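Colleague: The structure under discussion is supplied below as structure tokens; questions concerning it will follow.
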Amino acid sequence: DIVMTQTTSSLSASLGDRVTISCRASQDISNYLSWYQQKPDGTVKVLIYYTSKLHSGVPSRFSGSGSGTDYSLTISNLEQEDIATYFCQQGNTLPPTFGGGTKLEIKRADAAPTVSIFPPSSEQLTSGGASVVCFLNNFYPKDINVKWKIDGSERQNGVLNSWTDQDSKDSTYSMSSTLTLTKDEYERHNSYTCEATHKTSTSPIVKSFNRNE
Amino acid sequence: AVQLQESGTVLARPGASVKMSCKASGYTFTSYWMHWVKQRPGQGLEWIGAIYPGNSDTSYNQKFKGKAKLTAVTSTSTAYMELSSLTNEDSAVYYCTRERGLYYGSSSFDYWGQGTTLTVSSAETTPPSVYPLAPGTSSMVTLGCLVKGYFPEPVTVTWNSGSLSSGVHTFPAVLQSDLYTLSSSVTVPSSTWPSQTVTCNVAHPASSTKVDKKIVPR
Ligand SMILES: C=C[C@H]1CN2CC[C@H]1C[C@H]2[C@H](O)c1ccnc2ccc(OC)cc12
């Protein structure tokens, strides 16, 4: 069908920083384009139809521009409420197709995470389970690589990672990794480490612990 | 003015069929093209079909032909969607949205619903097993509470009746062998605790499971 394509997937901008999204159609669409906004809280509304026609009841900071294939949408002045995933769509032929989406984010200074490792509590350790947790709170570029080197040995089978969206308070990310084992395996290795390789400083922040201690 | 009210979160087993719902209000329901959409996380939006309530004539998509089925009742001012022969690929969140242009239509949509989430798996309502997280003391310290082995979502997490609300990070739930699992963090200075009470309050209305938990080191 008609393949829409946005130039990116995630962006970076601060308050007032005039910025733009650029959609691209597989072919001509005769200026039958529309822009949409989807808050991470599920809701979704429209901004523009027909490349640059404002819907009844939207601010003049938004606008539009379009021709043939290369289309775009700009906000000459940003506000906190304008952070969301932004979609586009062609109204030329069937089936109606959308862009892959473009999420927004505030760009701020790099920051190392506040790591905190946690051995498996006793309440768990008697239930046969053996879960080792590692929190990584308040950090920037989401692009983190985490690894667990038990007795100094790379391992993946057992880990389950979780990521939070951009914090509405100070715009910083957090990660919650958690390695799961059975008691028998836990009771055969000693040194457990939660290594958090990050961009900020070459030094991998390590939070280790020995079960003999 | 105008509003679309999609049904709440719903789930069912694979192979079976589900009936969604999208109620309308504030405009002439009969004379407007109502559309549906499918949003999966990794990808964008996938057009699934549309309908004109007056005659209830349909326009599906080649990919979803025979898969979904659209209906529409006039008196209830409600739009419907029914999926069948389900698989994990259908596990997603669906939307309902109005096409502007009164009788003839147009090139755009104007108003949307809050979206209906759909999950599928062979599993049963299970309550979690809340476990405590303590280190083993610092200046500034982080604690937390871990849940595990519960179904279905969601699950609420508080800290002493929600008295706390700073430096908190309740992480979204992940999945292992068809069961949910998450965690949560709390932030305080070295003083506050263990010198003072610090408990995490959990709630899983599905299993009707209320649990409080004061955490202690070793
Ligand atoms: C099932 C759809 C019907 C509703 N509108 C009138 C007749 C049918 C077509 C569509 C519109 O003309 C239209 C034509 C071509 N391409 C379109 C692409 C998107 C779109 O927005 C719903 C409407 C389009």
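How things are named: the first chain in the structure tokens is A, the next is B, and so on; residues count from 1 in each chain; ligands count from 1 in the order shown.
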Enumerate residues in contact with ligand 1: an atom-to-atom distance of at most 9 Å, counting only C-alpha atoms and all ligand atoms. Format the result as a PyMOL selection string.

Modeller: (chain A and resi 32-33+89-97) or (chain B and resi 32-35+49-52+57-60+98-101+103-109)

Colleague: Please report as a list in words which residues of chain A come no farther than 7 Å from chain B, using only C-alpha atoms.

Modeller: residues 32, 34, 42, 43, 44, 45, 46, 49, 91, 92, 95, 96, 97, 98, 99, 100, 101, 116, 118, 121, 123, 124, 162, 163, 164 and 176 of chain A

Colleague: Using backbone DSSP assignments, extract all strand (DSSP E or B) residues from chain B; output them as number ranges by chain.

Modeller: B: 3-6, 10-12, 18-19, 22-25, 34-39, 45-52, 57-60, 68-73, 78-83, 92-99, 109-112, 116-120, 126, 131-133, 140-146, 150-151, 156-158, 169-170, 174-175, 180-181, 183-189, 199-204, 209-214

Colleague: Do you know which residues are at most 7 Å from residue 127 (chain B) counting only C-alpha atoms, after dropping those on the same chain fewer than 6 positions away, and could you put them as a VMD selection string?

Modeller: chain B and resid 150 to 151 204 207 209

Colleague: Closest to residue 177 (chain A) among A:125, A:117, A:111, A:130, using only C-alpha atoms?

Modeller: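 Smallest distance to residue 177 (chain A) is found for A:117.
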
Colleague: Enter the distance from CA of residue 196 (chain B) to CA of residue 163 (chain B), in Å, rounded to one decimal.

Modeller: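 Separation between CA of residue 196 (chain B) and CA of residue 163 (chain B): 13.6 Å.
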
Colleague: What is the CA of residue 12 (chain A)-CA of residue 25 (chain A) distance in Å, reported with one decimal?

Modeller: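 Answer for the CA of residue 12 (chain A) to CA of residue 25 (chain A) separation: 23.4 Å.
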
Colleague: Could you tell me which of B:177, B:138, B:122, B:9 comes closest to residue 87 (chain B) if we count only C-alpha atoms?

Modeller: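 That would be B:122, the residue with the smallest distance to residue 87 (chain B).
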
Colleague: Tell me, as a ChimeraX atom specification, which residues lie within 6 Å of region 139-152 of chain A, counting only C-alpha atoms; anything in the same chain fewer than 2 positions away does not count.

Modeller: /A:110-113,154-155,172-173,191-198

Colleague: Considering only C-alpha atoms, state which residue in the set B:102, B:202, B:73, B:140 is at the smallest distance from residue 159 (chain B).

Modeller: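 Answer, going by the shortest atom-to-atom distance: B:202.
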